[PDB]
Each structure stands twice: as C-alpha cells, then as structure tokens.
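Here is the structure we will look at, set down as structure tokens.
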Number of protein chains: 2
Amino acid sequence: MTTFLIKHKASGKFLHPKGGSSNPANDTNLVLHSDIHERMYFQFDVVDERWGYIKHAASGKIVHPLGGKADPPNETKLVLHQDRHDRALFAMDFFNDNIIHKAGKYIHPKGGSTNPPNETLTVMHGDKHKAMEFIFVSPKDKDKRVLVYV
Amino acid sequence: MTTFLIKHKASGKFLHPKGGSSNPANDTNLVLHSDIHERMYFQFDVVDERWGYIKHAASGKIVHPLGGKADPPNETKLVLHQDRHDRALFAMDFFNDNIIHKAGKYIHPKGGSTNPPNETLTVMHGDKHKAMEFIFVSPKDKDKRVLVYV
Ligand SMILES: CC(=O)N[C@@H]1[C@@H](O)[C@@H](O)[C@@H](CO)O[C@@H]1O
Ligand SMILES: CC(=O)N[C@@H]1[C@@H](O)[C@@H](O)[C@@H](CO)O[C@@H]1O
Ligand SMILES: CC(=O)N[C@@H]1[C@@H](O)[C@@H](O)[C@@H](CO)O[C@@H]1O
Ligand SMILES: CC(=O)N[C@@H]1[C@@H](O)[C@@H](O)[C@@H](CO)O[C@@H]1O
Ligand SMILES: CC(=O)N[C@@H]1[C@@H](O)[C@@H](O)[C@@H](CO)O[C@@H]1O
Ligand SMILES: CC(=O)N[C@H]1[C@@H](O)[C@@H](O)[C@@H](CO)O[C@@H]1O
C-alpha cells in the first residue's frame, strides 16, 4: 500500500491534519505545513477505477468536504473524518498534478497563493492553475514521485 | 494484474496485434480493430511510478517503437516485441485519456482519423487532439473503465 506525502507543487509545503495528531478528531481541518513527519503521511484506497479515499495513514480517517456535501461549493473546507461514503471520493491525477473530487472541483489552498503560509486551510474550488497543483512523493525523498494507486 | 482492452475513444475500435495471434512474431504491427477476443487483451507492468510496459496478455510481448529508439520521430510504427528495456516505457494517462511514450510522443492511429477502418496502423506522434485519445476498459464491459496500474 504506497505511503506518500501530498506536496503542494508551487510552495513545497505538504497536506497535514491541523495539529499533526496521530488520531485527529473527526472534522479536523486539512492544512498546508512545511513539516515532515509520520502524521502527515497519506495512503489511497481505490474504490472504483480512479475514484477512492484519500486516507490519513496514522489514523485511518479519510478526506471529506466538510459536511459531506455531494456537490460542495467553492470554498468548502476539507477535513478528515472516519466515515466512508461516495461523497468522500476523490481521484489523484498524477498526470495533470491535481486532486479532484467526484463532483469535479479540486483541492486548493484557501486563497490560491503559490506560497501559502503554514496552517493555511485547504478548500474545494473549481479553478485550475499552478497554485492548486499537487504531486505525490516518497516519505523517503520528497522529490521522488510515487504511484499512489498501487 | 488487471487485464483490459485498449479502446480508441473516438471510434470504439481496439488495439490488436495485426493478425490477432496468441503469439505474434517480434515486430508485429499494432493496429486498430473492432473485434473483441482474448488475443487483444492487454496488461500493464509498472516499472517506475507512471512508467511501465504495455503487455500483450496472450504472448507476453510488449509495445515498442519499431527499432527501439529512445527518441523516435513522428510516424514511427508501434509493434510488439519480447525485449524489455527503457525505450519501451509508456505511461497510461487515464485522466487526459492518452498513451504517452517516455520521450513525450503519443500513440495515434496513422493519419489521425476519428473513425479509422479496421487494420489501421498505430504510430507515435507528438500532436494532441481527439483522435489520439484512448480509454482502458474491462474485457467484460467495454464501456467500463478499469484501473490499469493495479
Ligand atoms: C510540534 C508538532 O507536532 N507540530 C505539528 C506540525 O508538525 C504540523 O503537523 C502542524 C499542522 O497543523 O501541527 C503541529 O503543530
Ligand atoms: C450525517 C452526515 O451527513 N455525516 C457526514 C460525515 O459522514 C462526513 O461526511 C462529515 C464531514 O465533515 O460530514 C457529515 O457530518
Ligand atoms: C482570483 C483568485 O484569487 N482566485 C483564487 C481561486 O482560483 C482559488 O484558488 C481560491 C481558493 O480559495 O482562491 C482564489 O480565489
Ligand atoms: C479471423 C480474424 O479476423 N481474426 C483476427 C481479428 O479478430 C483481429 O485480431 C485482426 C487484427 O489484425 O486479426 C485477425 O483478423
Ligand atoms: C536488441 C534489439 O533487437 N533492439 C531493439 C529491440 O529491443 C526492440 O526494441 C525492437 C522493436 O522493433 O527494435 C530493436 O530491434
Ligand atoms: C487529425 C490529424 O490531422 N492528425 C495528424 C497528426 O496529428 C497525427 O495524428 C498523424 C498520425 O499519423 O496523422 C495526421 O498527420
């Protein structure tokens, strides 16, 4: 099961549960932060071809739009939650370098900066540009891309 | 280990070894053809993250640029060959729906038609357009996409 870091391409910061817990509470926000440690490692659980659950490795909780909205509007915050259902399905587009939700919007840093400060929230947004690009890299070498689908 | 059909998206035809043999000779051309059977099933052997070998399931031979050059020119024919080496590396881009060789060109039907006739050759070409799109589908449901990387 590949373990990887979700690296914001423009800044080199990574996706974290806010606070960096090895067992974040349900609805903990997902933020960007420069630190690397085992509590910001992720896995991907395939459900249906490209679609699956982005899983926080330390806790097992997965990435949700807050409230579990089926078609989340722009600026809906991303959180971790233990529930599994179809409204938490994403795809890890390692060719265009983005993360897309089942209803078609992407994970962004809130406000869309190419250099978001530590603790910047992540949100859903439909726009496509350099500041929403992410790559999926080895915990052993933050420049080495790894295949999240195996 | 997923077995799949390589489906030309605009026409619905599939990638075949010319002649449909369970053991095509080395340098057998890869063509498009409407038929479905076990001698046009493929598998994908991952080598390095997105890069891997496109493997003819019945024979074990893989897709090569004819002549095995590292940086083949436009209109280089695609063939099957037993050899394994780094000039036979491709990625299966199931987000943009194409097949890309390590040096950057794509698999095309020769001449670029959206509805090529049976037996049309495939070739490498750098252009991107609707007639070089491919999707990767179940041998049991040719309209169901399947994940080729697992
Ligand atoms: C000291 C410590 O554990 N720090 C972590 C930090 O590494 C990062 O995970 C951050 C994300 O909100 O949360 C915590 O502050
Ligand atoms: C009952 C219900 O809708 N539960 C969901 C839960 O499954 C998860 O999606 C969460 C994310 O914030 O939002 C909701 O509370
Ligand atoms: C115009 C502008 O600044 N747009 C970006 C938008 O593209 C998206 O990244 C969003 C995420 O919160 O933040 C900004 O609004
Ligand atoms: C008998 C017959 O037509 N069978 C096959 C056909 O199914 C297809 O694989 C084709 C590819 O060139 O090769 C043969 O014509
Ligand atoms: C060693 C050798 O024969 N060289 C290559 C072979 O490995 C394969 O790439 C082939 C494809 O047409 O082209 C060449 O013949
Ligand atoms: C639709 C079209 O005009 N296609 C071009 C190239 O883009 C390429 O497809 C090539 C492959 O042989 O055939 C044509 O020259």
Side-chain angles (χ1 to χ4, degrees), chain A residues 94-95 144-147 149-150, chain B residues 2-9 11 13-33 35 37-113 116-129 131-136 148-150:
Chain A
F94 58 104
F95 289 92
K144 183 158 244 173
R145 295 171 178 255
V146 296
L147 173 65
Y149 277 88
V150 302
Chain B
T2 294
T3 304
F4 54 91
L5 319 183
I6 299 172
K7 186 161 82 163
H8 181 244
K9 187 173 183 195
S11 72
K13 294 192 173 65
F14 305 94
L15 198 73
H16 284 234
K18 188 182 177 68
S21 182
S22 60
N23 196 15
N26 284 324
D27 282 352
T28 296
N29 292 277
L30 284 158
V31 305
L32 298 178
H33 197 279
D35 280 355
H37 50 68
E38 286 185 332
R39 292 151 281 119
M40 44 72 75
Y41 295 182
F42 287 82
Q43 292 172 307
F44 186 74
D45 280 339
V46 173
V47 169
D48 175 31
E49 191 244 359
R50 71 194 62 207
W51 301 108
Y53 301 135
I54 303 172
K55 184 168 72 187
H56 185 231
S59 76
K61 302 197 165 65
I62 63 169
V63 181
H64 290 240
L66 180 63
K69 301 323 198 247
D71 189 13
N74 287 335
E75 310 292 332
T76 296
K77 292 173 181 60
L78 276 319
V79 298
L80 290 175
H81 196 285
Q82 63 186 70
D83 282 0
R84 263 62 165 184
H85 54 62
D86 63 350
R87 298 110 48 187
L89 287 170
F90 293 87
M92 306 294 276
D93 182 343
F94 58 108
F95 289 92
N96 297 308
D97 291 344
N98 59 56
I99 301 168
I100 192 174
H101 179 257
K102 179 85 182 281
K105 294 186 180 303
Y106 308 97
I107 299 189
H108 284 240
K110 181 174 190 49
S113 178
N118 279 1
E119 305 291 321
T120 293
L121 298 174
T122 56
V123 301
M124 301 300 310
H125 201 288
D127 286 351
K128 200 171 180 283
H129 52 64
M132 47 72 72
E133 290 175 8
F134 290 90
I135 66 175
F136 317 125
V148 306
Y149 277 91
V150 299

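In what follows, chains are A, B, ... by sequence order, proteins preceding strands, each numbered from 1. Just so you know, these numbers use all the heavy atoms, side chains as well, and skip hydrogens, waters and symmetry mates.
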Please report the C-alpha distance between B:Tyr106 and B:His101 in whole Å, then the side-chain angles of each, then the deciding distance to 0.1 Å, and finally whether the side-chain contact (heavy atoms from CB on, under 4.5 Å) criterion is met.
CA-CA 6 Å; B:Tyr106 308 97; B:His101 179 257; over 6 Å; no
Test log, rule side-chain contact (heavy atoms from CB on, under 4.5 Å), inputs B:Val46 and B:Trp51
CA-CA 6 Å; B:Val46 173; B:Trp51 301 108; over 6 Å; no
Where do B:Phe42 and B:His56 land on the ring pair (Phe, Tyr, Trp, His ring centres under 6.0 Å) test, with the steps shown first?
CA-CA 5 Å; B:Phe42 287 82; B:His56 185 231; 5.8 Å; yes
Quick one: do A:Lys144 and B:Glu49 satisfy side-chain contact (heavy atoms from CB on, under 4.5 Å)? Show the steps, please.
CA-CA 9 Å; A:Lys144 183 158 244 173; B:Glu49 191 244 359; over 6 Å; no
Evaluate the side-chain contact (heavy atoms from CB on, under 4.5 Å) criterion for residues B:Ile107 and B:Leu78: first the C-alpha distance (whole Å), next the side-chain angles of each, then the deciding distance (0.1 Å), finally the verdict.
CA-CA 8 Å; B:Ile107 299 189; B:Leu78 276 319; 4.0 Å; yes
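Here the CZ-NZ distance, from B:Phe44 to B:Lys55, works out to 11.0 Å after rounding to the nearest 0.5 Å. Expressed to the nearest 0.5 Å, how far NZ of B:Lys102 lies from CG of B:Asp86 amounts to 6.5 Å. Atoms CG and CZ, on B:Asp71 and B:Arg87 in that order, are 12.5 Å from each other to the nearest 0.5 Å. Atom-to-atom distance recorded for B:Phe134:CZ and B:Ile100:CD1 is 13.5 Å, nearest 0.5 angstrom. Interatomic distance, B:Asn74 CG to B:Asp127 CG, rounded to the nearest 0.5 Å: 6.5 Å. Taking CG of B:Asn29 as the start and CG of B:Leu66 as the end, the distance is 7.5 Å to the nearest 0.5 Å.
Side chains of B:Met124 and B:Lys77 form no contact here, defined as non-hydrogen atoms less than 4.5 Å apart. Contact of the B:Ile62 side chain with the B:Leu80 side chain is not registered, since no non-hydrogen atoms from C-beta on lie closer than 4.5 Å. At a threshold of 4.5 Å between non-hydrogen side-chain atoms, the residues B:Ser59 and B:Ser21 do not count as touching. Within the 4.5 Å cutoff, the side chain of B:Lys13 has heavy atoms near those of the B:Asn118 side chain. When side chains are defined from C-beta on, B:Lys105 does not count as touching B:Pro65, because their heavy atoms never get closer than 4.5 Å. Using a 4.5 Å cut-off on side-chain heavy atoms (C-beta onward), B:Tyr53 and B:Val47 make contact. Under the 4.5 Å side-chain criterion, counting only non-hydrogen atoms from C-beta, B:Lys7 is not in contact with B:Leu15. The shortest side-chain heavy-atom distance between B:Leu30 and B:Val79 does not fall under the 4.5 Å cut-off.
The side chain to side chain contact (heavy atoms under 4.5 Å, CB included) check on B:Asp97 picks up B:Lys9, B:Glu133, B:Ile135, B:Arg145, with sequence neighbours excluded.
Between the side chain of B:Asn96 and the backbone N or O of B:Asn98, no donor-acceptor pair lies under 3.5 Å. Side-chain N or O atoms of B:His81 include none that pairs as donor or acceptor with a backbone N or O of B:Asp27 at under 3.5 Å. When atom types are taken as modelled, the side chain of B:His64 and the backbone of B:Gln82 share no donor-acceptor pair closer than 3.5 angstrom.
When all heavy atoms of B:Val148 and B:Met92 are compared, the closest pair comes out as CG2-CB, 3.6 Å. Annotation for B:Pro116 and B:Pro109: closest pair CG-CB, 4.1 Å, computed over non-hydrogen atoms. Shown here for B:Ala131 and B:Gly112, the closest heavy-atom pair between the two residues is CB-O, 3.0 Å.
Taking the six-membered ring for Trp, B:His33 and B:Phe14 have ring centres at least 6.0 Å apart. Remark: aromatic rings of A:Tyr149 and B:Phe94 are close, center separation under 6.0 Å.
Residue pairs satisfying the salt bridge (charged side-chain N to carboxylate O under 4.0 Å, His left out) criterion with at least one member in residues 117-126 of chain B, sequence neighbours excluded, are listed as follows: B:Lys18-B:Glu119.
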